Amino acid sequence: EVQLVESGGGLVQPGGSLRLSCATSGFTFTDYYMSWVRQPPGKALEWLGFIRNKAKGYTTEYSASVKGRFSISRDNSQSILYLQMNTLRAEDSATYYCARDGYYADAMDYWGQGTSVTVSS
């Protein structure tokens, strides 16, 4: 049974940074890419980035909307994914989701419950 659980969301000052965590279980973590997606209040889902699997050497890619501001990493000894969020603005207020991804289906097949992030001074 696949489980993904985001945590670490909360209130953050504009300009500040937050680290989101996504703990995983139920599958061979290193076999898969992991993506981060968000849904701001009233707005469409927006893909932010991914980190690839072991076979691809765990490299990263980003949306133009966050590239240079957000950074993704994983601790494979813990089967844990991270989103390092920096230089946050009001528009980054949203629910953040991690999702299992990859070149097997070129699709995000399992998603966590999400963590909420509000950027407000």
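Note that residue numbering begins at 1 and tracks the sequence as displayed.
Relative to its counterpart among 20-28 and 95-103, 20-28 has the higher mean temperature factor, C-alpha atoms as listed in the PDB entry. Of the two segments examined, 83-91 and 51-59, it is 83-91 that shows the higher average Cα temperature factor in the deposited entry. In this PDB entry, the Cα temperature factor of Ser77 sits in the middle third of its chain's modelled residues. Sort the chain's modelled residues by C-alpha temperature factor and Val119 lands in the lowest third, per the entry. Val5 sits in the middle third of its chain by CA B factor, as recorded in the PDB entry.
Ranked against the other modelled residues of its chain, the C-alpha B-factor of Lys67 as given in the entry falls in the highest third.
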